[PDB]
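>>> pasting an experimental structure, sequence included:
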Amino acid sequence: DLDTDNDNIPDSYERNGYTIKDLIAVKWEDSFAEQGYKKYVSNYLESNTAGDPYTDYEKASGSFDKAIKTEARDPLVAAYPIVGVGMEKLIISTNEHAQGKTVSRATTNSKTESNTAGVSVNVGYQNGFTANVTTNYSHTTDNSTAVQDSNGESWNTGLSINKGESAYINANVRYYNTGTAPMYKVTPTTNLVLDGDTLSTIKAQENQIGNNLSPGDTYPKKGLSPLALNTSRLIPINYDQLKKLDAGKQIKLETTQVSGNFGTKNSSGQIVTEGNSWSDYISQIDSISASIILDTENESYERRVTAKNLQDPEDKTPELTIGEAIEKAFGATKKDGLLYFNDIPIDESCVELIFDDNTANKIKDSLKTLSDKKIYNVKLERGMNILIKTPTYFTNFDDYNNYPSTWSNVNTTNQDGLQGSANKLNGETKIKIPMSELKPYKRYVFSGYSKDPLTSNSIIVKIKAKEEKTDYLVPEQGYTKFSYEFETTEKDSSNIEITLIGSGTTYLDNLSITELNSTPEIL
Amino acid sequence: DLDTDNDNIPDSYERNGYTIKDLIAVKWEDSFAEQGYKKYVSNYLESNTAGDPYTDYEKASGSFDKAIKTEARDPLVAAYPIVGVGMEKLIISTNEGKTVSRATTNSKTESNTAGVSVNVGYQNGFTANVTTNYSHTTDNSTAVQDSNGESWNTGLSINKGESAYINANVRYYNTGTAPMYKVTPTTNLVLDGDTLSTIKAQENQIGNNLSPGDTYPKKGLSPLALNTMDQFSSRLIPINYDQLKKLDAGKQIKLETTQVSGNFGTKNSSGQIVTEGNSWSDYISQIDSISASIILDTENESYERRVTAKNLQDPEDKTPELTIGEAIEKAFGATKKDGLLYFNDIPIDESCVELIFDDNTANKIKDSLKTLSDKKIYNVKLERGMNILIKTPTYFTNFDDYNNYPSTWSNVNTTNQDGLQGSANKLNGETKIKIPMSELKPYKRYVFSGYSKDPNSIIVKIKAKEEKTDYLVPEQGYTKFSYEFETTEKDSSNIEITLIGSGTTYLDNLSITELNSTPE
Ligand SMILES: [Ca+2]
Ligand SMILES: [Ca+2]
Ligand SMILES: [Ca+2]
Ligand SMILES: [Ca+2]
Ligand SMILES: [Ca+2]
Ligand SMILES: [Ca+2]
């Protein structure tokens, strides 16, 4: 009944109930939950709940641009375009025109690789902190290129460079967008950085790309030829970074400044993109909201959710926990105590959580007074960065099981697990997962949960690879988390074996294998 | 409720303390401290107490652009941006070819503490240091890194009459409480007074906005090289043989940004943000000649604020006067508990950190300290034209809950209550501390400060690049003492501090701060 800002939704509805249907607003009474209606929250002193250029009525009723992802319909999630720059194939040639000695290798681009290259796990996690801290944090704008089809051969042999001259560097690139917003006049600037030595900056301009970049869409639309860097000239190199590229180091490719417009619906007809720009609302959006990155093993996402400053009594904004922020940002079906993706069971004990130092200190300070000892029941504060890594393989001895092979000596007729059922242990437990299902020259982490209701009934684990190891683990009365690294080798090697021997009392649950980063191959 | 200046705040509420809740202004009742509210005071003749474009109510109610810091919420602190430039790498080639590449570290406040002079024993209640040359956070100084004694011309076969070329890596930062929309720097480059070449950059080549605390090369990214410049695309900065021989000696490259320009954000009826008609040109001249400057330097970050103050000899202005401590608490996000100020966890006080004034205001502080009876420098009034710098120690102990040293002090007992603040040490025997060079920066200048009392002789011994032993007789009260030393490179020995007393003496608040960088 009371209106304050320039929105049709009243003051009494802008807290504790938000339903919008047939372009009018009605409250929430938990009765139309499964008819496609949801409940939101917003402020009451500002027209825009975030820094986006849409009002809270204009973004929670569908009366805005149709190209925006539907997860940004919630007023606590801001539309934000993030353009990243990807590499596919590296071509080196020794001519300045476009014959000569040329080599060409096939690479894969990794998005969240420099973020999690400074993560080292412990054998046991003290207190209830079930997450690790990274040395540095980077968003999904930079990429690291890993060469796969590379036998033992130097780059200098294929070019025959003696003292002072060198060859030229050409590449194949693509232009991805991972966020809940499109751009229209896309003009990105990107450094091609080799460990601090900026070789060149590529600017795509306008006519080489087109007048659109839809969210979740590259410029080569799925199955198409990649964009080579010839259509605005070649990139040179010298004979001091060739052995630097040869021995251990990899080419980083990072965008720095990205310019573009946005579309607003006019009075009469379709959208316009002339008098708008995504360069002014970026500073407004980034100074109020947090930053959550989700890394599914086939695609990546990154969102900004507005938070609450707890050292302010005047500030009236909604406050969220970590799990509610994840559910509102990425979209998650709420199963019985669980958060679900389309097929991925994200939770606090089924993924890997990465924070930087300030976020880790804030969470470790806040977890002392919590009465439930879980990460997801932590209040959100403005200015933290969270990374979620979905493991490649994960089983919980339940309806979800996607390991390439099957285990041995597994009994599932029990119910005293962390999430429902568990695995009774009697003797040995073996798994021989082959190298053909594993990416070569990487680093992997095997993580799991253990529980034994006895005094000193321990277990031994053993990981067999090129760098094999054996470990001894003692459990406790409660559920304890263990993590162990191993490193892989090229595709012409043996299988990866994981063995563990118990003593007939211990219980295990939530066994997962995830990837961390790439190791340098000796060349 | 009579209103002389139109800002929808009554003059009776504006003269005393007042606060804002539920988007209305109410008086101060001295009971909102535990809830989280704060008190404000503003002039009643002018709608804008400071020279900022925002009015009193808009600044004091948080209705401005949300990109500024929340420490500019009070109307007595201006909100204007102070951008700066730092330099992180050096590449020299003789090509218009050999190439030499080295790494450098930048310091924001290094010309501020270049000319300070330390002394043993402070013969007043002043307990502070006086500098000769004052430089803000806009100026910055760069220092070279590990070269193993190699000459800078042994890789470049250049004789007299030829010119080498400078290629550098530049990182742009902000240290204020305002975003800098449409930034355009016009920075310089000086070596022993000689401007080699100015450096000019435009809006649409670096980040168009600079939010206040962010960086144009983002954290985890790479610095912006000057080879990726429009005007530095075919020529570089020339260098003669005399200039490179000066750099080979004890000299360093400093960078000072002279003048910047751009707009600021506002609010619109139809849209939200426009940054065209506004400008940060005619407002900086109002801010810089009406207020006083405070600089804080914590071990990872520096801040610079400007706080408006009452003029002395002119009754005609009614700006609210402040003490030094209240202005320090208002300028930064400082929380006061038990009579002590804490910024976030690092303490700031008159006896805990090293505070430096310039030469013009130290006489004013010393003359105002004679009339005061508390004999503390955090109680003197603030006038127009004071310059304060605060340096927090890297290592500091008070024999209490706060400790930062990487090695435990030997022979320490804190079961007393007769100290200056909290518990204190008793030197029944002698205290010793070893500290390794891996925990310290190489080729720097450090000072070590503390407080001693004897209700006897105290012999101090510092092992450094020059070992120094000295004697000090303490008085019945408390006197601040300090001793300077210098360090050596990374692969040298450790650093020893030994303090031997007489049995009936007390020590408190032992700190080590960094001042300068010695030339190699
Ligand atoms: Ca409303
Ligand atoms: Ca509203
Ligand atoms: Ca289970
Ligand atoms: Ca006023
Ligand atoms: Ca007024
Ligand atoms: Ca003390």
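Alright, I've got the coordinates. Numbering: from 1, shown residues only, chains lettered A, B, ... in the order given. Ligands and ions are numbered 1, 2, ... in the order given.
>>> in chain A, what residue is nearest ligand 2?
residue A:5 (4.1 Å; CB to the ion). Heads up, the C-betas are built off the backbone N, CA and C, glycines and all.
>>> residues from the stretch 251-400 of chain A in reach of ligand 4?
Residues of the stretch 251-400 of chain A lying close to ligand 4 (CB under 5 Å from the ion): none.
>>> the nearest residue to residue A:400 once chain neighbours are set aside: neighbour count?
Of all residues not flanking residue A:400 in the chain, residue A:345 sits nearest, at 5.9 Å (CB to CB, 6 or more residues apart in numbering or on different chains). Residue crowding around residue A:345 was assessed by other CB atoms under 10 Å in any protein chain shown; the count is 20.
>>> for residue A:79, see how far away residue A:299 is.
Relative to residue A:79, residue A:299 is positioned 19 Å away (criterion: CB to CB, to the nearest Å).
>>> neighbour count winner among these two?
Set residue A:299 next to residue A:79 and count neighbours by other CB under 10 Å: residue A:79 wins out with 25 against 11.
>>> how about the more buried one: what's its closest non-neighbour residue?
Using CB to CB, 6+ apart, the closest residue to residue A:79 is residue A:181 (4.1 Å).
>>> likewise residue A:265?
Nearest to residue A:265 is residue A:271, by CB to CB, 6+ apart, at 5.9 Å.
>>> show me which residues of chain A sit near ligand 2.
A:5, A:7.
>>> give me the element the residue in the stretch 251-400 of chain A that ligand 6 sits nearest to is part of.
Ligand 6 sits closest to residue A:365 of the stretch 251-400 of chain A, with a gap of 25.0 Å, by CB to the ion. Element membership for residue A:365 (DSSP states H and E) is helix A:357-366.
>>> output the next helix or strand along the chain from that helix as CSV, nothing but the C-alphas.
Per DSSP H and E, the first helix or strand lying C-terminal to helix A:357-366 is strand A:385-389. The C-alpha atoms that make up strand A:385-389 are tabulated as CSV, following Å, rounded to 0.1, in the frame of the first residue of the first chain:
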residue,chain,number,x,y,z
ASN,A,385,35.5,-14.4,-3.8
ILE,A,386,34.3,-18.0,-3.8
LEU,A,387,35.3,-20.8,-6.3
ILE,A,388,33.5,-24.1,-6.5
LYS,A,389,35.2,-26.9,-8.4
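>>> close to ligand 3, is the very next helix or strand once past strand A:385-389?
Sequence-wise, the next helix or strand downstream of strand A:385-389 (DSSP H and E) is strand A:393-395. No: Strand A:393-395 does not reach ligand 3 (CB under 5 Å from the ion); its nearest approach is 8.4 Å.
>>> tell me how far the helix or strand following strand A:393-395 lies from the chain's centre.
Proceeding N to C from strand A:393-395, the next assigned helix or strand is strand A:423-424, under DSSP H and E. Centre-to-centre, strand A:423-424 and its host chain are 32 Å apart (CA atoms, centre = their mean, to the nearest Å).
>>> for strand A:423-424, which outside residues touch it?
A:397, A:410, A:411, A:412, A:413, A:414, A:417, A:507, A:508, A:509 (CB atoms under 8 Å, 6 or more residues apart in numbering or on different chains).
>>> rerun at 6 Å
Residues from elsewhere that reach strand A:423-424 (CB atoms under 6 Å, 6 or more residues apart in numbering or on different chains): A:397, A:410, A:411, A:414, A:508.
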